[PDB]
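Shown next, in structure tokens, is the structure this report addresses.
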Amino acid sequence: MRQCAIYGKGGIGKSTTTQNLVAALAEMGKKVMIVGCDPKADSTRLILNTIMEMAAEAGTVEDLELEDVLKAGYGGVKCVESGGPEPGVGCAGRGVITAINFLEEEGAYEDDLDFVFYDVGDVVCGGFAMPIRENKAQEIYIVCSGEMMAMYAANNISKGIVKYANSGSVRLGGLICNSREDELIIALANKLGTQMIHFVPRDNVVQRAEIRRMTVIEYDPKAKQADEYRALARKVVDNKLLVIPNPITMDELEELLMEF
Amino acid sequence: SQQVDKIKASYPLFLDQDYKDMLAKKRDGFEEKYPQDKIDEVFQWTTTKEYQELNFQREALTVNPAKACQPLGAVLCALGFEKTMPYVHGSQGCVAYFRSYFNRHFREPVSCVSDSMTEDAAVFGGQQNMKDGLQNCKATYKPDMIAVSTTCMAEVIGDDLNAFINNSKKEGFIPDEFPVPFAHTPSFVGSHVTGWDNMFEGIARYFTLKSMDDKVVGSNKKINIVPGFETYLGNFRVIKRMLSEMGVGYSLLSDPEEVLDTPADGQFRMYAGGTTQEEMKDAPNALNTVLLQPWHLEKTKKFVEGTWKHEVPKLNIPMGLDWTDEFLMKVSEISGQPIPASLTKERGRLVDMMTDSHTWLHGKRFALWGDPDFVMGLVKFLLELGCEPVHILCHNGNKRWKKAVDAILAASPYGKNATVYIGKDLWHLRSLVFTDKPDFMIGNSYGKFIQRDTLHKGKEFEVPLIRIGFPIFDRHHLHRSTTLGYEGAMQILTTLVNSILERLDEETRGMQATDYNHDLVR
Amino acid sequence: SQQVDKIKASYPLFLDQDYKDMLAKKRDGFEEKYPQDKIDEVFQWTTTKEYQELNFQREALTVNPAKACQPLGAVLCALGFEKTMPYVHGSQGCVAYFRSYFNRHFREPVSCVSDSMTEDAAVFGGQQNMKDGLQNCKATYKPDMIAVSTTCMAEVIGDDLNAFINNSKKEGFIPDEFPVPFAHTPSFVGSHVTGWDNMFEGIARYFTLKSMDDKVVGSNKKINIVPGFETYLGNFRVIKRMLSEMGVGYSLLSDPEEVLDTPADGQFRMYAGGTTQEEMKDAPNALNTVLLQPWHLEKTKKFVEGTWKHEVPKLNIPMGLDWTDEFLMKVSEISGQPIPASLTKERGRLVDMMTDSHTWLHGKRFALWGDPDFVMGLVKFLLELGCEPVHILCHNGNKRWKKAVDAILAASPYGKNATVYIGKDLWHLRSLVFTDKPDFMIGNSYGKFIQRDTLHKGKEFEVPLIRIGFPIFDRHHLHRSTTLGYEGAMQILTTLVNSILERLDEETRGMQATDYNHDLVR
Amino acid sequence: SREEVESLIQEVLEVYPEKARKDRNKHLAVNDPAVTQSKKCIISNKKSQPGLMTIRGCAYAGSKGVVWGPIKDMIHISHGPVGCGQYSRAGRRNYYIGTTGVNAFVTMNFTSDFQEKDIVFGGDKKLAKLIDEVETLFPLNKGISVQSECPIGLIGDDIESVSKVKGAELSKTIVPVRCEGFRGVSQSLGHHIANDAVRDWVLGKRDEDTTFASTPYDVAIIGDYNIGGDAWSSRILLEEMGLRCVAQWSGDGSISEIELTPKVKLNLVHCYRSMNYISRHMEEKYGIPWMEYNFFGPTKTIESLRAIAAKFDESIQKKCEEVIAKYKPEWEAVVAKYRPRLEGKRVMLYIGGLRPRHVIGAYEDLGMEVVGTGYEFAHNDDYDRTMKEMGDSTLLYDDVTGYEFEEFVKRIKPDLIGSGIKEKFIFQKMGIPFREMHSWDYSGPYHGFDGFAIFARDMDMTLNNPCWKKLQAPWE
Ligand code: CFM
Ligand code: CLF
Ligand code: SF4
Ligand SMILES: [Ca+2]
Ligand SMILES: [Ca+2]
């Protein structure tokens with residue numbers, strides 16, 4: 001029963017890759033659960049009532065039934081969305097804390113799953129780090145690009161890992177690159193002391209499926225990009241490299257970029 | 001003016017003519033006060049059934065609450081452990097208030113620290129505060145254990161208590177083996193009782209979760225007793241007494257009876273007595289575990305049944321005759337010890353008292369409030385006495401609780417004019433005692449204001465307060481009473497008949513008017 | 001008229017207009033009642049210092065006494081022994097009254113018989129009544145001992161109790177070996193307390209006087225404890241508790257705790273517990289003997305010192321802080337048992353309560369009454385609390401007692417406005433609280449009438465009654481209280497401050513008038 | 001005692017870890033009355049060291065608890081979870097005359113009692129709804145204040161917009177106070193935020209307004225919270241002196257009094273710490289001068305009356321001498337009775353931001369000397385004023401920890417201590433007479449001449465009480 005957290009810059013295709021990956025995973029016969037914890041995106045729209053909205057409606061979290069929140073989708077993937085305020089108000093961070101707590105307390109993780117995937121938003125506070133506390137996610141994968149602000153984000157996340165790593169059992173499982181950019185991200189990983197678990201090529205089919213509310217695996221199982229996600233899935237299922245990252249300086253970053 | 005040998009304090013000083021006149025000039029001259037006729041009109045309206053519909057239609061406003069926040073219960077739970085300092089992670093205002101609140105009720109010192117999180121710690125996280133705070137508290141106040149709870153500010157920003165404490169140990173601020181159990185206690189969830197449950201479970205976890213492999217159920221031959229949020233010292237005492245009387249080996253988990261009652265002998269003792277660390281470590285070896293206040297010990301029950309593998313008995317709070325009988329017989333069953341002649345006789349003496357006083361208690365109507373277990377045991381007792389608990393309010397109660405208490409009310413003819421209100425406050429109840437007037441209210445000190453309001457409407461409409469619950473700030477040493485067991489039931493019964501008789505003597509004290517019924521014997 | 005679902009008792013039925021106009025027609029029509037203005041004029045007068053002088057100049061009339069007659073104490077004394085039937089030689093009216101008086105105070109059955117002496121027995125002596133009665137009582141009620149006291153009718157005619165019982169045994173009415181102790185208890189000598197002293201000495205004599213030669217002082221290694229006329233069940237209980245706690249071997253001579261507090265379990269127990277015949281017979285073998293109420297245990301002391309050769313300690317009643325300390329150190333001295341940590345901590349907790357509450361107790365003035373030992377110890381505790389016992393009244397007190405109490409008051413600044421009145425009654429005291437108004441009265445149920453008089457004068461003149469003493473007929477289960485030891489001291493203190501605070505809350509409950517000082521925390 | 005207090009300080013500090021050791025060192029000192037500048041002797045108003053059992057409160061306690069809360073005809077809303085509101089409900093004895101629940105609301109607790117969903121979704125819509133509910137249920141209120149608790153400040157709840165829209169709509173003055181508990185380091189910043197909220201939303205309401213009939217003798221009591229009736233016992237003197245007291249700041253204060261305050265001739269400031277901000281503001285905007293006064297004890301009351309009357313004409317000055325003479329027999333009676341009972345007794349004090357220096361003269365009128373004094377949250381300007389009022393080699397302590405205070409008391413051994421409820425039962429246990437100098441131990445007044453009588457009565461009943469002679473068991 002492996003719990004994994006997925007962080008990365010959203011303007012890339014963080015949510016889309018997470019879902020295509022989980023779809024490939026479910027396709028291999030793996031029982032997966034996706035937990036949406038990203039206010040800046042829709043984490044289950046491709047696989048398919050949030051915990052927070054359902055709670056308010058029923059009064060409180062204590063009045064919530066797991067069946068009201070968990071819904072099965074493609075490949076039998078179980079989906080749960082934390083929920084959160086509308087834009088510019090409230091506190092989405094606490095919404096994540098509450099949702100995860102509810103899932104813990106309502107025995108959602110003890111059903112016999114193979115994987116749990118947290119699709120997390122930018123760690124701007126403790127609440128969005130809820131997924132990487134003890135007894136939660138042990139494996140962290142960051143989706144990145146050759147863009148600067150995209151690699152810098154990869155580092156900030158690593159610094160956040162380091163912090164919770166010295167305190168418990170949580171490691172960086174590697175980098176996933178959404179399309180010499182191929183080489184750049186590889187060096188970024190070597191610097192971090194981890195790896196680039198997979199280079200997801202650019203392919204219009206992903207958008208085609210995405211705009212039609214599907215992952216490539218469901219949209220077109222025979223597509224070449226479909227096999228790319230199946231390749232990522234296998235590399236994740238067999239991955240054994242979990243590490244505590246060695247963040248770099250923005251200077252060291254401008255050096256790496258300037259070398260390409 | 002003041003005469004040196006008959007000095008007046010605020011009452012009756014301000015009732016003197018020069019002050020009364022000055023106050024009148026302040027009002028007419030600068031206060032722009034609404035005319036008394038308008039003040040009188042609005043008051044009468046706040047008394048009507050029309051105002052009551054409006055009052056009960058509130059969905060955003062809360063006026064005069066009958067509950068407090070989680071951390072307060074957390075501090076009390078932690079005080080029940082040997083040489084432990086309750087530590088609240090977050091801002092300090094909370095702690096000053098927690099301490100003050102308990103000082104005023106117990107009339108004793110209450111020790112608790114904060115790590116004083118300020119505006120920059122709200123923005124950066126309270127990790128540094130936790131490192132230095134744990135180090136300073138251990139070095140200065142020297143406890144054997146520090147029990148960490150939280151204030152809302154630290155809960156909003158998601159300060160990971162577990163990581164923060166582990167990093168504190170890792171960096172050398174406190175020893176790796178120094179006990180530091182923790183519990184996230186959000187103000188905005190539940191109430192003070194939930195804080196107790198979270199903290200107790202957090203300590204239970206700390207001392208037993210890892211060590212479960214060498215534990216055998218029933219091997220130490222004791223029964224664990226988990227008290228819950230308890231502010232009556234006599235309740236810790238009566239349970240310990242009844243079990244020792246039976247020869248029942250027990251372990252009371254969270255016992256603040258000694259710290260909250262040290263002697264004024266010349267020295268201040270910050271710590272006194274309490275459940276030892278070893279009693280908590282050895283707890284899974286017990287025959288079973290009895291939770292005295294089950295309706296707010298739900299997370300604890302789940303850890304005890306889940307991890308300790310104990311079959312916690314479905315037992316209600318031991319208040320009143322039936323539930324005390326049930327408690328003793330269950331304790332008898334589990335331990336193998338028979339209920340002794342002493343307790344049997346004590347039971348008959350409470351029944352004796354009931355047969356002596358039933359005449360005055362019959363059909364007496366009561367408005368009452370408090371925490372869910374207390375208020376439920378009280379309803380049951382009142383019902384055994386032939387009394388009608390007309391208005392039952394539990395601000396912090398939930399839907400299942402209301403069902404349970406409605407079931408109890410359904411089982412007796414005395415609970416037929418009774419309604420249970422959850423999530424309602426004392427301003428809601430203020431209305432209830434105005435529109436459907438009972439004979440007395442049984443609640444805490446905040447109900448003295450409801451009595452004041454009912455008396456302003458008139459002497460006939462006045463509903464007297466019988467001070468039972470928490471907090472009692474306006475009377476002294478009531479925190480020494482007993483509410484639990486037959487002992488507690490006898491105390492409660494005496495207070496109720498004598499409040500009834502006190503009130504009757506008051507209404508019959510009029511010379512040649514009502515004193516024809518001012519009887520010597522009652 | 002009566003509404004079936006809101007039935008009114010005497011109060012408030014007679015306040016209805018049809019009864020109020022009916023009552024007015026009875027008064028104006030056939031009562032020839034003095035005009036209200038003359039009734040109010042004389043009331044006002046009975047309030048003045050002028051009326052007080054006349055009142056205190058009385059030498060023949062006694063109005064509203066604060067004492068009862070000898071046999072009552074004799075009946076209570078006898079009830080303190082195992083399976084003994086109190087027997088009062090004389091007129092039966094006495095017994096009916098003794099029983100009713102004690103039933104109303106303890107709310108229990110009190111067993112006692114008379115040999116019902118009629119007019120002819122008044123003329124021929126009660127010798128036949130003694131013969132029949134001892135035979136009838138022993139066979140019907142089956143006691144193991146019959147303790148004989150007397151009514152005034154039998155005392156005036158000089159019925160020799162000793163001869164009559166000896167002739168009863170000789171004629172085969174009761175066996176020769178059947179225990180029948182006696183005591184001449186004249187109603188026109190002293191009071192109920194003297195009757196207890198007399199009855200106790202009679203029982204001590206019966207069992208020990210002939211047996212003295214084989215007795216050795218201190219050989220059974222116990223301390224006998226003689227309680228005296230005691231009507232608070234918590235007092236027998238606290239003394240037995242503190243001695244057992246110290247590990248002191250003792251024997252309580254006259255112990256009615258069990259008969260006066262039987263359980264309502266399904267059966268009626270006429271007898272229960274008590275001091276055994278053997279404890280009485282073995283009594284001279286004790287290390288010493290401690291009299292808890294020395295001022296009414298003088299004859300007993302003379303028999304114990306003269307007869308048993310015991311060196312009775314010069315000890316005051318153990319009420320208050322100092323006299324409990326003294327009692328404990330004396331019992332420690334005699335027994336050789338150290339005063340344990342539990343009692344040391346209990347003393348510190350009473351002192352703690354005193355420091356917590358001194359602010360409200362200070363300078364508070366009290367009028368009080370009761371039996372000599374009780375009122376003496378009440379005065380000392382009030383003094384230790386910073387209060388002023390302004391009017392101390394003891395109807396049944398003597399000159400030497402007034403001396404001792406004056407010595408107590410002269411040793412403290414709080415007794416500088418105090419006066420002691422012996423041989424005076426409650427009509428005398430009624431005047432003292434009118435002319436030199438104190439804050440409260442501490443007395444029995446008879447003071448409820450003084451409270452109604454002061455209130456009639458007006459609210460600012462009202463002196464509230466705090467019910468401590470005997471008899472308490474208008475409240476329930478107060479007979480279960482404790483007046484002795486630190487425990488009793490804690491109960492009295494709580495009752496005093498809370499009475500002060502209840503009264504202050506009433507005075508400041510006036511909306512917009514006096515409620516500026518109606519504080520939540522006190 | 002000159003170097004015995006410095007070695008004491010060092011000995012006490014020995015128990016702290018190094019970081020806390022160096023910070024507390026500069027917060028403790030020995031007085032030298034020649035030090036007009038306290039910053040080379042003691043620093044203050046810095047944050048509390050974590051885990052050392054400080055006695056301090058928060059910004060909410062300063063705003064809601066002390067400044068806004070006393071204002072009787074407004075409804076003050078503790079915005080956030082149920083806690084703050086409950087603990088501070090009627091804990092401070094800020095007296096008032098009014099019919100509670102109808103036209104006065106001081107002892108009541110109005111809260112938004114935040115639940116998880118109000119934290120996550122935000123509570124501005126809930127606030128708006130709550131305001132409509134206090135309007136139908138408490139129609140006679142003359143304004144509303146919104147007192148922020150910690151969560152409101154993190155979550156970014158735009159409460160001033162809610163206050164603006166609801167206030168304009170209902171034609172009500174609704175004041176938003178950003179007094180969330182984590183701001184600042186104590187109650188002190190809460191005073192400041194509250195003073196600013198008063199000027200920005202209430203004070204200038206009657207600015208272009210000339211309806212009020214002014215008099216050359218108009219004054220305002222600023223910073224007297226009427227604890228036990230302290231302000232009423234102060235204005236009786238001021239008004240007998242011929243002055244007209246148009247306003248009382250917060251103690252029994254009304255909103256109209258506050259609005260009418262810019263119309264006066266002089267601001268008489270009692271509590272310098274909590275309201276010097278609004279006074280200074282009234283000087284630069286309305287031109288109203290302000291001066292500090294002390295009504296604790298006869299020597300100070302007399303001095304104060306004379307200084308205050310000297311700002312006016314000869315008729316007020318003449319009435320000033322009339323009042324001093326009127327009460328002279330009375331306070332001399334109190335001194336004659338209680339001073340012999342109290343002379344030479346030593347007192348250690350530790351209160352808020354004004355009493356630790358303000359009650360000194362009153363204690364000295366009874367022959368008692370203050371051997372130690374300190375503040376929870378004062379700034380250096382309060383300590384500047386403290387040097388003249390204290391004796392020479394005395395102890396001074398800012399934001400004293402539970403440990404420090406206990407040990408200082410163990411060395412010094414004062415006959416009486418004056419502090420709050422959180423330390424009361426600690427020292428009674430230790431056998432030392434204690435008087436609450438925040439709540440007056442439910443007595444009061446202590447201000448003015450009639451208040452002095454009660455002060456002396458109280459110090460005497462506690463210090464010379466018979467219980468203190470019985471702490472030790474005769475058998476040990
Ligand atoms: S602890 Fe006053 S600066 Fe402030 S509530 Fe008490 S020493 Fe305050 S005088 Fe005052 S009425 Fe006060 S006593 Fe200034 S208002 S934050 Mo706690
Ligand atoms: S500094 Fe949240 S509910 Fe109110 S007591 Fe707190 S845990 Fe409880 Fe000051 S603003 Fe309030 S008392 Fe901020 S939270 Fe403490
Ligand atoms: S940064 Fe995080 S903890 Fe702070 S208000 Fe926003 S979502 Fe909540
Ligand atoms: Ca105490
Ligand atoms: Ca009975």
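We label chains A, B, ... in the order they appear in the structure tokens, count residues from 1 in each chain, and number ligands from 1 in the order shown.
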
Which residues of chain A are close to chain D, meaning at most 12 Å apart when you count only C-alpha atoms, and how do they look as a short mmCIF file (atom, residue, chain, number, x, y, z; two decimals) with N, CA, C and O atoms, in the first residue's frame?
```cif
data_model
loop_
_atom_site.label_atom_id
_atom_site.label_comp_id
_atom_site.auth_asym_id
_atom_site.auth_seq_id
_atom_site.Cartn_x
_atom_site.Cartn_y
_atom_site.Cartn_z
N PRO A 39 -6.20 23.57 -4.93
CA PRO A 39 -7.22 24.59 -5.23
C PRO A 39 -7.09 25.24 -6.61
O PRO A 39 -8.09 25.71 -7.16
N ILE A 51 -15.24 17.02 -0.17
CA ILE A 51 -15.36 16.73 1.25
C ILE A 51 -15.83 17.96 2.02
O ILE A 51 -16.68 17.87 2.89
N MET A 52 -15.26 19.11 1.68
CA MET A 52 -15.64 20.33 2.37
C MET A 52 -17.07 20.75 2.08
O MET A 52 -17.81 21.10 3.00
N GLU A 53 -17.49 20.70 0.81
CA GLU A 53 -18.87 21.08 0.49
C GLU A 53 -19.86 20.10 1.10
O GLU A 53 -20.87 20.50 1.66
N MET A 54 -19.56 18.80 1.00
CA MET A 54 -20.43 17.78 1.57
C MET A 54 -20.53 17.93 3.08
O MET A 54 -21.59 17.71 3.66
N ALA A 55 -19.42 18.30 3.71
CA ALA A 55 -19.41 18.48 5.16
C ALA A 55 -20.34 19.62 5.56
O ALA A 55 -21.23 19.43 6.39
N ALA A 56 -20.13 20.79 4.98
CA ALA A 56 -20.95 21.96 5.29
C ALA A 56 -22.43 21.61 5.17
O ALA A 56 -23.22 21.92 6.05
N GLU A 57 -22.78 20.95 4.07
CA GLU A 57 -24.15 20.54 3.81
C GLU A 57 -24.72 19.66 4.92
O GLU A 57 -25.87 19.82 5.32
N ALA A 58 -23.91 18.74 5.42
CA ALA A 58 -24.35 17.82 6.46
C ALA A 58 -24.18 18.38 7.87
O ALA A 58 -24.64 17.78 8.84
N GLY A 59 -23.53 19.53 7.98
CA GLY A 59 -23.30 20.12 9.29
C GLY A 59 -21.80 20.16 9.57
O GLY A 59 -21.21 21.24 9.63
N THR A 60 -21.20 18.99 9.75
CA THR A 60 -19.76 18.90 9.99
C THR A 60 -19.18 17.60 9.44
O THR A 60 -19.92 16.69 9.04
N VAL A 61 -17.86 17.52 9.44
CA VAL A 61 -17.13 16.36 8.95
C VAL A 61 -17.56 15.10 9.69
O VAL A 61 -17.64 14.02 9.10
N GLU A 62 -17.83 15.24 10.98
CA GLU A 62 -18.24 14.10 11.79
C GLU A 62 -19.55 13.49 11.29
O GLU A 62 -19.83 12.32 11.55
N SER A 82 -10.77 17.27 -1.90
CA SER A 82 -10.82 17.93 -0.59
C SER A 82 -11.86 19.04 -0.56
O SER A 82 -12.62 19.17 0.39
N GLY A 83 -11.87 19.84 -1.62
CA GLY A 83 -12.79 20.96 -1.67
C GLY A 83 -12.07 22.15 -1.08
O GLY A 83 -10.94 22.04 -0.63
N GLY A 84 -12.73 23.30 -1.09
CA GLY A 84 -12.11 24.50 -0.55
C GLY A 84 -12.95 25.71 -0.86
O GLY A 84 -13.97 25.60 -1.54
N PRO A 85 -12.54 26.90 -0.40
CA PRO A 85 -13.32 28.11 -0.66
C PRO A 85 -13.33 28.49 -2.14
O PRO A 85 -12.73 27.81 -2.97
N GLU A 86 -14.04 29.57 -2.44
CA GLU A 86 -14.10 30.09 -3.80
C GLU A 86 -12.86 30.99 -3.87
O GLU A 86 -12.25 31.27 -2.84
N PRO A 87 -12.48 31.44 -5.07
CA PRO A 87 -11.30 32.30 -5.20
C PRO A 87 -11.24 33.61 -4.40
O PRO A 87 -12.22 34.34 -4.30
N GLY A 88 -10.06 33.89 -3.84
CA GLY A 88 -9.84 35.11 -3.09
C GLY A 88 -10.35 35.21 -1.67
O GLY A 88 -10.25 36.27 -1.05
N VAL A 89 -10.88 34.12 -1.14
CA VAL A 89 -11.41 34.13 0.22
C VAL A 89 -11.14 32.79 0.92
O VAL A 89 -10.58 31.87 0.33
N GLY A 90 -11.53 32.69 2.18
CA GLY A 90 -11.34 31.45 2.91
C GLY A 90 -9.89 31.04 3.11
O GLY A 90 -8.98 31.85 3.01
N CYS A 91 -9.71 29.75 3.36
CA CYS A 91 -8.39 29.17 3.64
C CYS A 91 -8.36 27.74 3.11
O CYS A 91 -8.76 26.81 3.80
N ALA A 92 -7.88 27.58 1.88
CA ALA A 92 -7.82 26.26 1.25
C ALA A 92 -6.86 25.32 1.99
O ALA A 92 -7.08 24.11 2.03
N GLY A 93 -5.82 25.88 2.59
CA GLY A 93 -4.88 25.06 3.33
C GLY A 93 -5.57 24.23 4.39
O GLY A 93 -5.38 23.01 4.45
N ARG A 94 -6.39 24.86 5.22
CA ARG A 94 -7.09 24.13 6.27
C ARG A 94 -8.06 23.12 5.67
O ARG A 94 -8.30 22.06 6.24
N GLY A 95 -8.62 23.45 4.51
CA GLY A 95 -9.53 22.52 3.86
C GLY A 95 -8.84 21.19 3.60
O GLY A 95 -9.45 20.13 3.73
N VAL A 96 -7.56 21.25 3.24
CA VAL A 96 -6.78 20.04 2.95
C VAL A 96 -6.55 19.25 4.24
O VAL A 96 -6.74 18.03 4.28
N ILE A 97 -6.15 19.95 5.30
CA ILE A 97 -5.93 19.32 6.59
C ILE A 97 -7.18 18.55 7.01
O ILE A 97 -7.10 17.37 7.35
N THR A 98 -8.32 19.23 6.96
CA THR A 98 -9.60 18.63 7.35
C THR A 98 -9.94 17.39 6.54
O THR A 98 -10.36 16.37 7.10
N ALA A 99 -9.79 17.48 5.23
CA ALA A 99 -10.11 16.36 4.35
C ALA A 99 -9.26 15.13 4.63
O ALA A 99 -9.80 14.02 4.76
N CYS A 125 1.96 26.91 2.63
CA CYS A 125 1.68 26.82 4.05
C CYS A 125 1.64 25.40 4.56
O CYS A 125 1.65 24.45 3.77
N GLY A 127 -0.74 23.57 5.74
CA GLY A 127 -1.87 22.78 5.29
C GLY A 127 -1.63 22.01 4.00
O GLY A 127 -2.10 20.88 3.84
#
```

List every residue of chain C that has an atom at most 8 Å from any atom of chain B, and for each one report the closest atom pair and its distance in Å to one decimal, counting only C-alpha atoms, with rows sorted by chain and then by increasing residue number, as a tab-separated table.
```
residue	atom	partner	partner_atom	distance
C:10	CA	B:517	CA	6.9
C:11	CA	B:517	CA	6.4
C:15	CA	B:514	CA	7.9
C:104	CA	B:521	CA	7.3
C:107	CA	B:356	CA	7.1
C:261	CA	B:349	CA	7.3
C:262	CA	B:349	CA	6.8
C:263	CA	B:348	CA	4.3
C:264	CA	B:352	CA	4.7
C:265	CA	B:348	CA	5.2
C:345	CA	B:263	CA	5.8
C:346	CA	B:263	CA	7.5
C:347	CA	B:263	CA	7.7
C:348	CA	B:263	CA	4.3
C:349	CA	B:263	CA	4.7
C:351	CA	B:264	CA	6.1
C:352	CA	B:264	CA	4.7
C:353	CA	B:477	CA	7.6
C:356	CA	B:107	CA	6.9
C:357	CA	B:476	CA	7.4
C:445	CA	B:520	CA	6.7
C:446	CA	B:520	CA	7.3
C:448	CA	B:520	CA	7.8
C:452	CA	B:509	CA	5.6
C:453	CA	B:511	CA	7.6
C:455	CA	B:509	CA	7.9
C:456	CA	B:511	CA	6.2
C:473	CA	B:521	CA	4.7
C:474	CA	B:522	CA	4.5
C:475	CA	B:498	CA	5.8
C:476	CA	B:498	CA	6.4
C:477	CA	B:494	CA	6.5
C:494	CA	B:477	CA	6.4
C:497	CA	B:476	CA	6.9
C:498	CA	B:475	CA	5.7
C:501	CA	B:475	CA	6.5
C:502	CA	B:475	CA	8.0
C:508	CA	B:11	CA	7.7
C:509	CA	B:452	CA	5.6
C:510	CA	B:452	CA	7.2
C:511	CA	B:456	CA	6.1
C:514	CA	B:11	CA	7.3
C:517	CA	B:11	CA	6.5
C:519	CA	B:474	CA	7.5
C:520	CA	B:474	CA	5.8
C:521	CA	B:473	CA	4.7
C:522	CA	B:474	CA	4.5
```

Every residue of segment 12-56 of chain D that DSSP places in helix (DSSP H, G or I), as a VMD selection string: chain D and resid 12 to 13 18 to 25 38 to 40

Produce as an MDAnalysis selection string the set of residues near ligand 1, where near means within 9 Å with only C-alpha atoms and all ligand atoms considered. chainID D and resid 56:57 61:63 65:67 92:94 187:188 190:191 223:227 251 270:275 350:356 358 375:378 419:420 437:440

Go through segment 159-338 of chain C and collect every residue that DSSP, computed from the backbone, puts in strand (DSSP E or B); the answer should be as a count of residues only. 14
